[PDB]
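Student: Dropping in data_5.pdb, with PDB, C-alpha atoms and all ligand atoms.
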ATOM      1  CA  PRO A   1      95.500   0.630 -43.548  1.00  0.00           C
ATOM      2  CA  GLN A   2      98.258  -1.905 -43.062  1.00  0.00           C
ATOM      3  CA  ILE A   3      99.471  -3.973 -45.955  1.00  0.00           C
ATOM      4  CA  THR A   4     101.216  -7.239 -45.155  1.00  0.00           C
ATOM      5  CA  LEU A   5     103.860  -8.832 -47.387  1.00  0.00           C
ATOM      6  CA  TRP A   6     102.802 -12.533 -47.521  1.00  0.00           C
ATOM      7  CA  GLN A   7     101.502 -11.893 -50.990  1.00  0.00           C
ATOM      8  CA  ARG A   8     102.425  -9.122 -53.455  1.00  0.00           C
ATOM      9  CA  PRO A   9     101.146  -5.728 -52.250  1.00  0.00           C
ATOM     10  CA  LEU A  10      98.875  -4.888 -55.210  1.00  0.00           C
ATOM     11  CA  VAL A  11      96.483  -1.965 -55.021  1.00  0.00           C
ATOM     12  CA  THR A  12      93.992  -0.522 -57.487  1.00  0.00           C
ATOM     13  CA  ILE A  13      94.985   2.777 -59.082  1.00  0.00           C
ATOM     14  CA  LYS A  14      92.974   5.147 -61.258  1.00  0.00           C
ATOM     15  CA  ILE A  15      95.078   6.474 -64.111  1.00  0.00           C
ATOM     16  CA  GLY A  16      92.806   8.817 -66.054  1.00  0.00           C
ATOM     17  CA  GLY A  17      89.513   7.060 -65.430  1.00  0.00           C
ATOM     18  CA  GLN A  18      91.001   3.617 -66.044  1.00  0.00           C
ATOM     19  CA  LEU A  19      91.245   1.389 -62.984  1.00  0.00           C
ATOM     20  CA  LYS A  20      94.362  -0.711 -63.178  1.00  0.00           C
ATOM     21  CA  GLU A  21      96.183  -2.816 -60.613  1.00  0.00           C
ATOM     22  CA  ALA A  22      99.614  -1.798 -59.362  1.00  0.00           C
ATOM     23  CA  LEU A  23     102.402  -3.029 -57.135  1.00  0.00           C
ATOM     24  CA  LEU A  24     103.499  -0.883 -54.161  1.00  0.00           C
ATOM     25  CA  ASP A  25     107.246  -1.003 -54.766  1.00  0.00           C
ATOM     26  CA  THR A  26     109.567   0.416 -52.073  1.00  0.00           C
ATOM     27  CA  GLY A  27     112.653  -0.666 -54.003  1.00  0.00           C
ATOM     28  CA  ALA A  28     111.533   1.293 -57.064  1.00  0.00           C
ATOM     29  CA  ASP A  29     112.698   4.865 -57.264  1.00  0.00           C
ATOM     30  CA  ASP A  30     110.391   5.709 -60.158  1.00  0.00           C
ATOM     31  CA  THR A  31     106.895   4.754 -60.988  1.00  0.00           C
ATOM     32  CA  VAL A  32     106.617   2.708 -64.179  1.00  0.00           C
ATOM     33  CA  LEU A  33     103.407   1.921 -65.912  1.00  0.00           C
ATOM     34  CA  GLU A  34     102.574  -0.348 -68.820  1.00  0.00           C
ATOM     35  CA  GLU A  35     102.868   0.781 -72.422  1.00  0.00           C
ATOM     36  CA  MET A  36     100.100   3.332 -73.004  1.00  0.00           C
ATOM     37  CA  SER A  37      99.523   6.822 -74.365  1.00  0.00           C
ATOM     38  CA  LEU A  38      99.577   9.667 -71.864  1.00  0.00           C
ATOM     39  CA  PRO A  39      98.879  13.300 -72.719  1.00  0.00           C
ATOM     40  CA  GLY A  40     102.021  15.367 -72.801  1.00  0.00           C
ATOM     41  CA  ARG A  41     105.595  15.733 -73.980  1.00  0.00           C
ATOM     42  CA  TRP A  42     107.836  12.829 -73.118  1.00  0.00           C
ATOM     43  CA  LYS A  43     111.517  12.310 -72.756  1.00  0.00           C
ATOM     44  CA  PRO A  44     113.318   9.055 -73.510  1.00  0.00           C
ATOM     45  CA  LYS A  45     114.923   7.762 -70.345  1.00  0.00           C
ATOM     46  CA  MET A  46     116.759   4.500 -69.885  1.00  0.00           C
ATOM     47  CA  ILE A  47     116.185   2.688 -66.590  1.00  0.00           C
ATOM     48  CA  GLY A  48     117.797  -0.512 -65.477  1.00  0.00           C
ATOM     49  CA  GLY A  49     116.599  -3.209 -63.148  1.00  0.00           C
ATOM     50  CA  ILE A  50     117.275  -6.872 -62.503  1.00  0.00           C
ATOM     51  CA  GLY A  51     117.407  -8.125 -66.071  1.00  0.00           C
ATOM     52  CA  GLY A  52     118.789  -5.030 -67.689  1.00  0.00           C
ATOM     53  CA  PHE A  53     117.865  -1.583 -68.954  1.00  0.00           C
ATOM     54  CA  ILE A  54     114.751  -0.692 -70.817  1.00  0.00           C
ATOM     55  CA  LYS A  55     113.711   2.366 -72.808  1.00  0.00           C
ATOM     56  CA  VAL A  56     110.813   4.331 -71.339  1.00  0.00           C
ATOM     57  CA  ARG A  57     108.979   7.610 -71.973  1.00  0.00           C
ATOM     58  CA  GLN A  58     109.160  10.055 -69.066  1.00  0.00           C
ATOM     59  CA  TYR A  59     105.962  12.056 -68.482  1.00  0.00           C
ATOM     60  CA  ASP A  60     106.143  14.885 -65.932  1.00  0.00           C
ATOM     61  CA  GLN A  61     103.472  15.885 -63.372  1.00  0.00           C
ATOM     62  CA  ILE A  62     100.752  13.199 -63.896  1.00  0.00           C
ATOM     63  CA  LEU A  63      98.153  12.374 -61.228  1.00  0.00           C
ATOM     64  CA  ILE A  64      97.290   8.833 -60.132  1.00  0.00           C
ATOM     65  CA  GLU A  65      94.757   7.805 -57.491  1.00  0.00           C
ATOM     66  CA  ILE A  66      96.616   5.233 -55.461  1.00  0.00           C
ATOM     67  CA  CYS A  67      94.082   3.409 -53.316  1.00  0.00           C
ATOM     68  CA  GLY A  68      91.693   6.325 -52.947  1.00  0.00           C
ATOM     69  CA  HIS A  69      94.334   9.025 -52.523  1.00  0.00           C
ATOM     70  CA  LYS A  70      95.264  11.678 -55.027  1.00  0.00           C
ATOM     71  CA  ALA A  71      98.979  11.847 -55.726  1.00  0.00           C
ATOM     72  CA  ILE A  72     100.943  13.790 -58.326  1.00  0.00           C
ATOM     73  CA  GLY A  73     104.304  12.889 -59.801  1.00  0.00           C
ATOM     74  CA  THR A  74     106.511  11.844 -62.709  1.00  0.00           C
ATOM     75  CA  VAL A  75     105.392   8.697 -64.500  1.00  0.00           C
ATOM     76  CA  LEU A  76     107.578   6.547 -66.726  1.00  0.00           C
ATOM     77  CA  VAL A  77     105.904   4.436 -69.369  1.00  0.00           C
ATOM     78  CA  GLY A  78     107.495   1.473 -70.988  1.00  0.00           C
ATOM     79  CA  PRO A  79     107.618  -2.302 -71.594  1.00  0.00           C
ATOM     80  CA  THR A  80     106.993  -3.434 -67.996  1.00  0.00           C
ATOM     81  CA  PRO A  81     105.096  -6.648 -67.057  1.00  0.00           C
ATOM     82  CA  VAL A  82     103.593  -5.016 -63.993  1.00  0.00           C
ATOM     83  CA  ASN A  83     102.610  -1.506 -62.999  1.00  0.00           C
ATOM     84  CA  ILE A  84     105.045  -0.277 -60.396  1.00  0.00           C
ATOM     85  CA  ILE A  85     104.302   2.499 -57.908  1.00  0.00           C
ATOM     86  CA  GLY A  86     107.692   3.722 -56.709  1.00  0.00           C
ATOM     87  CA  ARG A  87     108.985   5.916 -53.892  1.00  0.00           C
ATOM     88  CA  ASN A  88     108.253   9.161 -55.705  1.00  0.00           C
ATOM     89  CA  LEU A  89     104.515   8.547 -55.565  1.00  0.00           C
ATOM     90  CA  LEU A  90     104.507   6.470 -52.411  1.00  0.00           C
ATOM     91  CA  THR A  91     105.788   9.320 -50.235  1.00  0.00           C
ATOM     92  CA  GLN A  92     102.880  11.501 -51.384  1.00  0.00           C
ATOM     93  CA  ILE A  93     100.395   9.085 -49.826  1.00  0.00           C
ATOM     94  CA  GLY A  94     102.596   9.027 -46.693  1.00  0.00           C
ATOM     95  CA  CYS A  95     103.444   5.333 -46.891  1.00  0.00           C
ATOM     96  CA  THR A  96     105.894   3.790 -44.329  1.00  0.00           C
ATOM     97  CA  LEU A  97     107.879   0.630 -43.675  1.00  0.00           C
ATOM     98  CA  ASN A  98     107.381  -0.654 -40.161  1.00  0.00           C
ATOM     99  CA  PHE A  99     108.884  -3.607 -38.349  1.00  0.00           C
TER
ATOM    100  CA  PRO B   1     111.709   1.123 -36.889  1.00  0.00           C
ATOM    101  CA  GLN B   2     109.459   3.310 -38.970  1.00  0.00           C
ATOM    102  CA  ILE B   3     111.128   3.936 -42.282  1.00  0.00           C
ATOM    103  CA  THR B   4     109.967   6.656 -44.715  1.00  0.00           C
ATOM    104  CA  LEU B   5     110.448   6.475 -48.458  1.00  0.00           C
ATOM    105  CA  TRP B   6     111.946   9.949 -49.020  1.00  0.00           C
ATOM    106  CA  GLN B   7     115.347   8.266 -49.437  1.00  0.00           C
ATOM    107  CA  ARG B   8     116.211   4.718 -50.465  1.00  0.00           C
ATOM    108  CA  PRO B   9     115.147   2.414 -47.645  1.00  0.00           C
ATOM    109  CA  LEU B  10     118.588   0.961 -46.896  1.00  0.00           C
ATOM    110  CA  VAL B  11     119.382  -0.989 -43.781  1.00  0.00           C
ATOM    111  CA  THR B  12     122.436  -2.751 -42.460  1.00  0.00           C
ATOM    112  CA  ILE B  13     122.504  -6.508 -42.621  1.00  0.00           C
ATOM    113  CA  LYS B  14     124.940  -8.869 -41.022  1.00  0.00           C
ATOM    114  CA  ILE B  15     125.628 -11.902 -43.096  1.00  0.00           C
ATOM    115  CA  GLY B  16     128.575 -14.134 -42.394  1.00  0.00           C
ATOM    116  CA  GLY B  17     130.069 -11.913 -39.721  1.00  0.00           C
ATOM    117  CA  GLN B  18     130.118  -9.000 -42.163  1.00  0.00           C
ATOM    118  CA  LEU B  19     128.112  -5.802 -42.449  1.00  0.00           C
ATOM    119  CA  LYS B  20     126.613  -4.585 -45.662  1.00  0.00           C
ATOM    120  CA  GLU B  21     123.836  -2.390 -46.964  1.00  0.00           C
ATOM    121  CA  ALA B  22     120.652  -3.776 -48.282  1.00  0.00           C
ATOM    122  CA  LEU B  23     117.601  -2.182 -49.846  1.00  0.00           C
ATOM    123  CA  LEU B  24     114.242  -3.206 -48.377  1.00  0.00           C
ATOM    124  CA  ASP B  25     112.216  -4.106 -51.448  1.00  0.00           C
ATOM    125  CA  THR B  26     108.477  -4.871 -51.253  1.00  0.00           C
ATOM    126  CA  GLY B  27     108.241  -5.322 -55.022  1.00  0.00           C
ATOM    127  CA  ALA B  28     110.718  -8.186 -54.808  1.00  0.00           C
ATOM    128  CA  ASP B  29     109.433 -11.697 -54.166  1.00  0.00           C
ATOM    129  CA  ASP B  30     112.947 -12.990 -53.286  1.00  0.00           C
ATOM    130  CA  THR B  31     116.073 -11.742 -51.501  1.00  0.00           C
ATOM    131  CA  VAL B  32     118.924 -11.240 -53.966  1.00  0.00           C
ATOM    132  CA  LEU B  33     122.363 -10.404 -52.631  1.00  0.00           C
ATOM    133  CA  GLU B  34     125.236  -9.428 -54.858  1.00  0.00           C
ATOM    134  CA  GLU B  35     127.894 -11.843 -55.995  1.00  0.00           C
ATOM    135  CA  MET B  36     129.457 -13.165 -52.784  1.00  0.00           C
ATOM    136  CA  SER B  37     130.731 -16.380 -51.319  1.00  0.00           C
ATOM    137  CA  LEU B  38     128.311 -18.389 -49.255  1.00  0.00           C
ATOM    138  CA  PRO B  39     128.632 -21.765 -47.556  1.00  0.00           C
ATOM    139  CA  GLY B  40     126.763 -24.851 -48.682  1.00  0.00           C
ATOM    140  CA  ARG B  41     125.530 -26.190 -51.991  1.00  0.00           C
ATOM    141  CA  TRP B  42     123.410 -24.167 -54.321  1.00  0.00           C
ATOM    142  CA  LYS B  43     120.676 -24.804 -56.830  1.00  0.00           C
ATOM    143  CA  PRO B  44     119.967 -22.991 -60.093  1.00  0.00           C
ATOM    144  CA  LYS B  45     117.139 -20.462 -60.020  1.00  0.00           C
ATOM    145  CA  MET B  46     116.003 -18.000 -62.608  1.00  0.00           C
ATOM    146  CA  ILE B  47     114.289 -14.766 -61.541  1.00  0.00           C
ATOM    147  CA  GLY B  48     113.273 -11.957 -63.763  1.00  0.00           C
ATOM    148  CA  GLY B  49     112.604  -8.294 -63.293  1.00  0.00           C
ATOM    149  CA  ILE B  50     112.494  -5.228 -65.509  1.00  0.00           C
ATOM    150  CA  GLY B  51     114.595  -5.804 -68.632  1.00  0.00           C
ATOM    151  CA  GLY B  52     114.578  -9.596 -68.600  1.00  0.00           C
ATOM    152  CA  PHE B  53     115.649 -12.584 -66.539  1.00  0.00           C
ATOM    153  CA  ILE B  54     118.961 -13.464 -65.013  1.00  0.00           C
ATOM    154  CA  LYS B  55     120.611 -16.610 -63.598  1.00  0.00           C
ATOM    155  CA  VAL B  56     121.130 -16.692 -59.852  1.00  0.00           C
ATOM    156  CA  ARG B  57     122.504 -19.200 -57.377  1.00  0.00           C
ATOM    157  CA  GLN B  58     119.981 -20.251 -54.754  1.00  0.00           C
ATOM    158  CA  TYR B  59     121.248 -21.108 -51.326  1.00  0.00           C
ATOM    159  CA  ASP B  60     118.961 -22.244 -48.554  1.00  0.00           C
ATOM    160  CA  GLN B  61     118.776 -21.802 -44.809  1.00  0.00           C
ATOM    161  CA  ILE B  62     121.105 -18.815 -44.555  1.00  0.00           C
ATOM    162  CA  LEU B  63     121.186 -16.824 -41.357  1.00  0.00           C
ATOM    163  CA  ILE B  64     120.899 -13.116 -41.981  1.00  0.00           C
ATOM    164  CA  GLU B  65     120.253 -10.209 -39.632  1.00  0.00           C
ATOM    165  CA  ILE B  66     118.270  -7.378 -41.026  1.00  0.00           C
ATOM    166  CA  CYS B  67     118.740  -4.348 -38.826  1.00  0.00           C
ATOM    167  CA  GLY B  68     119.059  -6.386 -35.597  1.00  0.00           C
ATOM    168  CA  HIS B  69     116.246  -8.823 -36.418  1.00  0.00           C
ATOM    169  CA  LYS B  70     117.426 -12.333 -37.227  1.00  0.00           C
ATOM    170  CA  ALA B  71     116.031 -14.135 -40.211  1.00  0.00           C
ATOM    171  CA  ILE B  72     116.869 -17.530 -41.666  1.00  0.00           C
ATOM    172  CA  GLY B  73     115.781 -18.192 -45.164  1.00  0.00           C
ATOM    173  CA  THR B  74     116.613 -18.550 -48.824  1.00  0.00           C
ATOM    174  CA  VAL B  75     119.115 -16.158 -50.330  1.00  0.00           C
ATOM    175  CA  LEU B  76     119.832 -15.720 -54.018  1.00  0.00           C
ATOM    176  CA  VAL B  77     123.251 -14.633 -55.124  1.00  0.00           C
ATOM    177  CA  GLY B  78     123.453 -13.072 -58.517  1.00  0.00           C
ATOM    178  CA  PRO B  79     124.596 -10.151 -60.738  1.00  0.00           C
ATOM    179  CA  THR B  80     122.640  -7.384 -58.999  1.00  0.00           C
ATOM    180  CA  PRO B  81     123.698  -3.752 -58.449  1.00  0.00           C
ATOM    181  CA  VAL B  82     122.270  -3.567 -54.921  1.00  0.00           C
ATOM    182  CA  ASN B  83     121.652  -6.115 -52.198  1.00  0.00           C
ATOM    183  CA  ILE B  84     117.935  -6.712 -52.229  1.00  0.00           C
ATOM    184  CA  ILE B  85     115.898  -7.985 -49.278  1.00  0.00           C
ATOM    185  CA  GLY B  86     112.654  -9.452 -50.674  1.00  0.00           C
ATOM    186  CA  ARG B  87     109.264 -10.388 -49.263  1.00  0.00           C
ATOM    187  CA  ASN B  88     110.577 -13.789 -48.226  1.00  0.00           C
ATOM    188  CA  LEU B  89     112.674 -12.217 -45.467  1.00  0.00           C
ATOM    189  CA  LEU B  90     110.553  -9.135 -44.855  1.00  0.00           C
ATOM    190  CA  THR B  91     107.807 -11.431 -43.550  1.00  0.00           C
ATOM    191  CA  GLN B  92     110.133 -13.041 -40.986  1.00  0.00           C
ATOM    192  CA  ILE B  93     111.029  -9.707 -39.470  1.00  0.00           C
ATOM    193  CA  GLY B  94     107.355  -8.721 -39.482  1.00  0.00           C
ATOM    194  CA  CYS B  95     107.731  -5.831 -41.928  1.00  0.00           C
ATOM    195  CA  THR B  96     104.548  -4.064 -43.182  1.00  0.00           C
ATOM    196  CA  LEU B  97     103.455  -1.117 -45.328  1.00  0.00           C
ATOM    197  CA  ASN B  98     101.284   1.464 -43.610  1.00  0.00           C
ATOM    198  CA  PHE B  99      99.320   4.533 -44.595  1.00  0.00           C
TER
HETATM  199  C1  LIG A 101     112.573   2.114 -61.110  1.00  0.00           C
HETATM  200  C2  LIG A 101     112.674   0.609 -61.325  1.00  0.00           C
HETATM  201  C3  LIG A 101     111.255  -0.003 -61.458  1.00  0.00           C
HETATM  202  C4  LIG A 101     113.522   0.484 -62.598  1.00  0.00           C
HETATM  203  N1  LIG A 101     113.388  -0.006 -60.207  1.00  0.00           N
HETATM  204  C5  LIG A 101     113.735  -1.317 -60.185  1.00  0.00           C
HETATM  205  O1  LIG A 101     113.315  -2.171 -60.966  1.00  0.00           O
HETATM  206  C6  LIG A 101     114.712  -1.699 -59.088  1.00  0.00           C
HETATM  207  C7  LIG A 101     116.144  -1.714 -59.640  1.00  0.00           C
HETATM  208  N2  LIG A 101     117.126  -2.128 -58.611  1.00  0.00           N
HETATM  209  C8  LIG A 101     118.383  -2.367 -59.329  1.00  0.00           C
HETATM  210  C9  LIG A 101     119.188  -1.094 -59.558  1.00  0.00           C
HETATM  211  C10 LIG A 101     119.573  -0.712 -60.863  1.00  0.00           C
HETATM  212  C11 LIG A 101     120.349   0.446 -61.079  1.00  0.00           C
HETATM  213  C12 LIG A 101     120.707   1.188 -59.925  1.00  0.00           C
HETATM  214  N3  LIG A 101     120.335   0.810 -58.692  1.00  0.00           N
HETATM  215  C13 LIG A 101     119.599  -0.286 -58.475  1.00  0.00           C
HETATM  216  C14 LIG A 101     116.765  -3.438 -58.069  1.00  0.00           C
HETATM  217  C15 LIG A 101     115.351  -3.406 -57.521  1.00  0.00           C
HETATM  218  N4  LIG A 101     114.379  -3.047 -58.563  1.00  0.00           N
HETATM  219  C16 LIG A 101     113.167  -2.932 -57.724  1.00  0.00           C
HETATM  220  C17 LIG A 101     112.120  -4.054 -57.876  1.00  0.00           C
HETATM  221  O2  LIG A 101     111.294  -3.882 -56.885  1.00  0.00           O
HETATM  222  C18 LIG A 101     111.276  -4.129 -59.164  1.00  0.00           C
HETATM  223  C19 LIG A 101     110.393  -5.370 -59.356  1.00  0.00           C
HETATM  224  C20 LIG A 101     109.473  -5.283 -60.573  1.00  0.00           C
HETATM  225  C21 LIG A 101     108.673  -6.557 -60.758  1.00  0.00           C
HETATM  226  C22 LIG A 101     107.819  -7.060 -59.763  1.00  0.00           C
HETATM  227  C23 LIG A 101     107.179  -8.302 -59.931  1.00  0.00           C
HETATM  228  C24 LIG A 101     107.417  -9.022 -61.126  1.00  0.00           C
HETATM  229  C25 LIG A 101     108.243  -8.516 -62.153  1.00  0.00           C
HETATM  230  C26 LIG A 101     108.864  -7.270 -61.949  1.00  0.00           C
HETATM  231  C27 LIG A 101     111.255  -6.579 -59.487  1.00  0.00           C
HETATM  232  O3  LIG A 101     112.234  -6.593 -60.236  1.00  0.00           O
HETATM  233  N5  LIG A 101     110.797  -7.616 -58.798  1.00  0.00           N
HETATM  234  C28 LIG A 101     111.307  -8.943 -59.091  1.00  0.00           C
HETATM  235  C29 LIG A 101     112.356  -9.455 -58.223  1.00  0.00           C
HETATM  236  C30 LIG A 101     113.415  -8.762 -57.643  1.00  0.00           C
HETATM  237  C31 LIG A 101     114.378  -9.525 -56.942  1.00  0.00           C
HETATM  238  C32 LIG A 101     114.263 -10.946 -56.866  1.00  0.00           C
HETATM  239  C33 LIG A 101     113.174 -11.632 -57.449  1.00  0.00           C
HETATM  240  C34 LIG A 101     112.217 -10.847 -58.129  1.00  0.00           C
HETATM  241  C35 LIG A 101     110.968 -11.364 -58.883  1.00  0.00           C
HETATM  242  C36 LIG A 101     110.255 -10.045 -58.850  1.00  0.00           C
HETATM  243  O4  LIG A 101     109.724  -9.993 -57.633  1.00  0.00           O
END
Do you think you could lay out the structure here as structure tokens?
Ligand SMILES: CC(C)(C)NC(=O)[C@@H]1CN(Cc2cccnc2)CCN1C[C@@H](O)C[C@@H](Cc1ccccc1)C(=O)N[C@H]1c2ccccc2C[C@H]1O
Tutor:
Amino acid sequence: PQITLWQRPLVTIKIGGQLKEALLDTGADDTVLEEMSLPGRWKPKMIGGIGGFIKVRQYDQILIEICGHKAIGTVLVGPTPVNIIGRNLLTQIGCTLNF
Amino acid sequence: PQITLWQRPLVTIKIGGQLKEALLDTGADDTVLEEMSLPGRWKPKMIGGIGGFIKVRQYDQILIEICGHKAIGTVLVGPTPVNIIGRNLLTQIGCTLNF
């Protein structure tokens, strides 16, 4: 499919049964999801953005179904206002920027 | 061109007779360049991302060439680590996500 950028590119993702909405973010290196409990050992990582840095929990090798496509990757969890699907997961679904 | 997300999607922009790198960001509503001098008056604007909000200077009708494609729109100048090209300008150059 082809997603245009007039509005925010939000797609439905299935994170362990739960269907949430997420933003396809090309400027985001990592994927960051809202504060929730994921199975596994986590590592505190500090990531910075526009405002400043935030403290997140880094979970390795988690699977997320981004718009009907199974993708595996590292998922950071922390105080974010919107679920962000970064480059790490995006590449798995073979997403491209065309213009 | 068809850009893949294996690396940071950086392009060369020409703004004010000068070349500089910019990250093509689909998760960004606005185009935020780093602290630089621009002609014209500005207005106060407050945008927020991960880790809070910041104060940026909004300038309007700025000519900017993103990888050979001209675009004239609003540019925000603020304390950002990387020049960010947001949806506002991505739509002028006809940029789209595909997969
Ligand atoms: C991995 C992580 C998620 C931390 N990446 C980012 O946040 C990067 C950081 N770099 C910075 C960096 C930091 C350290 C090293 N290298 C680079 C600058 C670019 N952001 C990418 C943005 O796409 C993130 C989004 C998140 C968001 C979307 C909608 C609403 C709230 C938050 C973002 O910040 N978007 C906002 C946005 C962005 C610009 C202008 C206006 C707006 C409003 C909004 O669209």
Student: As a CSV table (one decimal) with C-alpha atoms, keeping the file's coordinate frame, please: chain B after a least-squares superposition onto chain A using all C-alpha atoms matched in order.
Tutor:
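Output saved as superposed36.csv:
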chain,number,residue,atom,x,y,z
B,1,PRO,CA,95.7,0.8,-44.8
B,2,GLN,CA,98.1,-1.7,-43.3
B,3,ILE,CA,99.3,-4.0,-46.0
B,4,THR,CA,101.1,-7.3,-45.2
B,5,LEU,CA,103.6,-8.9,-47.6
B,6,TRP,CA,102.2,-12.5,-47.6
B,7,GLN,CA,100.7,-11.8,-51.0
B,8,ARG,CA,101.9,-9.3,-53.7
B,9,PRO,CA,101.1,-5.8,-52.4
B,10,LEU,CA,98.7,-4.8,-55.2
B,11,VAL,CA,96.4,-1.8,-55.0
B,12,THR,CA,94.0,-0.2,-57.4
B,13,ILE,CA,95.0,3.0,-59.1
B,14,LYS,CA,92.9,5.4,-61.1
B,15,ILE,CA,94.7,7.0,-63.9
B,16,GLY,CA,92.9,8.7,-66.7
B,17,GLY,CA,89.5,7.8,-65.5
B,18,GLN,CA,90.5,4.1,-65.6
B,19,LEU,CA,91.1,1.5,-62.9
B,20,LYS,CA,94.1,-0.8,-62.9
B,21,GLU,CA,96.3,-2.8,-60.6
B,22,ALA,CA,99.6,-1.6,-59.4
B,23,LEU,CA,102.3,-3.2,-57.3
B,24,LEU,CA,103.6,-1.1,-54.4
B,25,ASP,CA,107.4,-1.3,-54.8
B,26,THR,CA,109.8,0.0,-52.2
B,27,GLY,CA,112.8,-1.2,-54.2
B,28,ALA,CA,111.8,0.9,-57.1
B,29,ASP,CA,113.1,4.5,-57.3
B,30,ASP,CA,110.5,5.4,-60.0
B,31,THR,CA,106.9,4.6,-60.9
B,32,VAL,CA,106.8,2.6,-64.1
B,33,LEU,CA,103.4,1.9,-65.7
B,34,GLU,CA,102.9,-0.5,-68.6
B,35,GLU,CA,102.7,0.6,-72.2
B,36,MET,CA,99.7,3.0,-72.2
B,37,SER,CA,98.6,6.2,-73.8
B,38,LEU,CA,99.2,9.4,-71.7
B,39,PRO,CA,98.6,13.0,-72.5
B,40,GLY,CA,101.4,15.5,-73.0
B,41,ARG,CA,104.9,15.4,-74.3
B,42,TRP,CA,107.5,12.9,-73.0
B,43,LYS,CA,111.2,12.8,-72.5
B,44,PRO,CA,113.6,9.9,-72.9
B,45,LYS,CA,114.7,8.2,-69.7
B,46,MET,CA,116.6,5.0,-69.2
B,47,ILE,CA,116.1,3.0,-66.0
B,48,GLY,CA,117.7,-0.3,-65.2
B,49,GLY,CA,116.8,-3.2,-62.9
B,50,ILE,CA,117.7,-6.8,-62.7
B,51,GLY,CA,118.8,-8.1,-66.1
B,52,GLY,CA,119.8,-4.8,-67.7
B,53,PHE,CA,118.3,-1.4,-68.6
B,54,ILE,CA,115.3,-0.5,-70.7
B,55,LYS,CA,114.1,2.6,-72.5
B,56,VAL,CA,111.0,4.3,-71.1
B,57,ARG,CA,109.0,7.4,-71.9
B,58,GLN,CA,109.0,9.9,-69.1
B,59,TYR,CA,105.9,12.0,-68.6
B,60,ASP,CA,105.6,14.7,-66.0
B,61,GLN,CA,102.9,16.0,-63.7
B,62,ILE,CA,100.4,13.1,-64.1
B,63,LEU,CA,97.6,12.8,-61.7
B,64,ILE,CA,97.2,9.3,-60.3
B,65,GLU,CA,95.2,8.0,-57.4
B,66,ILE,CA,96.8,5.2,-55.4
B,67,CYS,CA,94.1,3.5,-53.4
B,68,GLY,CA,92.0,6.7,-52.8
B,69,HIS,CA,95.1,8.9,-52.1
B,70,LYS,CA,95.8,11.4,-54.9
B,71,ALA,CA,99.3,11.9,-56.1
B,72,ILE,CA,100.7,14.0,-58.9
B,73,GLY,CA,104.1,13.2,-60.1
B,74,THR,CA,106.3,11.7,-62.8
B,75,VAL,CA,105.2,8.5,-64.5
B,76,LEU,CA,107.4,6.3,-66.7
B,77,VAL,CA,105.7,4.3,-69.4
B,78,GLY,CA,107.7,1.3,-70.6
B,79,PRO,CA,107.8,-2.4,-71.4
B,80,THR,CA,107.1,-3.7,-67.9
B,81,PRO,CA,105.1,-6.8,-66.9
B,82,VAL,CA,103.4,-5.1,-63.9
B,83,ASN,CA,102.4,-1.6,-63.1
B,84,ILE,CA,105.0,-0.4,-60.6
B,85,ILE,CA,104.4,2.4,-58.1
B,86,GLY,CA,107.9,3.6,-57.0
B,87,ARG,CA,109.3,5.6,-54.1
B,88,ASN,CA,108.5,8.9,-56.0
B,89,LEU,CA,104.8,8.4,-55.5
B,90,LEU,CA,104.9,6.3,-52.3
B,91,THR,CA,106.3,9.4,-50.5
B,92,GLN,CA,103.3,11.6,-51.6
B,93,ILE,CA,100.8,9.2,-50.1
B,94,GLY,CA,102.9,9.0,-47.0
B,95,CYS,CA,103.7,5.3,-47.3
B,96,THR,CA,106.2,3.7,-44.8
B,97,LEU,CA,107.7,0.3,-43.9
B,98,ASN,CA,107.2,-0.8,-40.3
B,99,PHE,CA,108.4,-3.6,-38.0
Student: Taking all atoms listed in the file into account and nothing else, which residues of chain B lie no more than 10 Å away from chain A? Please answer as an NGL selection string.
Tutor: :B and (1-10 or 23-29 or 32 or 47-55 or 67 or 69 or 78-82 or 84-99)
Student: Work out how far atom CA of residue 41 of chain B is from atom CA of residue 58 of chain B, in Å to one decimal.
Tutor: 8.6 Å
Student: Grab the atom CA of residue 18 of chain B to atom CA of residue 40 of chain B distance for me, in Å with one decimal place.
Tutor: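 Value for the atom CA of residue 18 of chain B-atom CA of residue 40 of chain B distance: 17.5 Å.
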Student: Every residue with an atom at most 12 Å from (97.3, 16.4, -62.7) (file coordinates; all atoms listed in the file) is what I'm after, so could you write them as a short mmCIF file (atom, residue, chain, number, x, y, z; two decimals) with C-alpha atoms, in the frame of the given file?
Tutor:
data_model
loop_
_atom_site.label_atom_id
_atom_site.label_comp_id
_atom_site.auth_asym_id
_atom_site.auth_seq_id
_atom_site.Cartn_x
_atom_site.Cartn_y
_atom_site.Cartn_z
CA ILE A 15 95.08 6.47 -64.11
CA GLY A 16 92.81 8.82 -66.05
CA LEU A 38 99.58 9.67 -71.86
CA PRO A 39 98.88 13.30 -72.72
CA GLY A 40 102.02 15.37 -72.80
CA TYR A 59 105.96 12.06 -68.48
CA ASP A 60 106.14 14.88 -65.93
CA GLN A 61 103.47 15.88 -63.37
CA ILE A 62 100.75 13.20 -63.90
CA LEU A 63 98.15 12.37 -61.23
CA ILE A 64 97.29 8.83 -60.13
CA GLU A 65 94.76 7.80 -57.49
CA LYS A 70 95.26 11.68 -55.03
CA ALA A 71 98.98 11.85 -55.73
CA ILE A 72 100.94 13.79 -58.33
CA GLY A 73 104.30 12.89 -59.80
CA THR A 74 106.51 11.84 -62.71
CA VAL A 75 105.39 8.70 -64.50
#
Student: To one decimal place in Å, what is the distance between atom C4 of ligand LIG 101 (chain A) and atom CA of residue 43 of chain A?
Tutor: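 Taking atom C4 of ligand LIG 101 (chain A) as the start and atom CA of residue 43 of chain A as the end point, the length is 15.7 Å.
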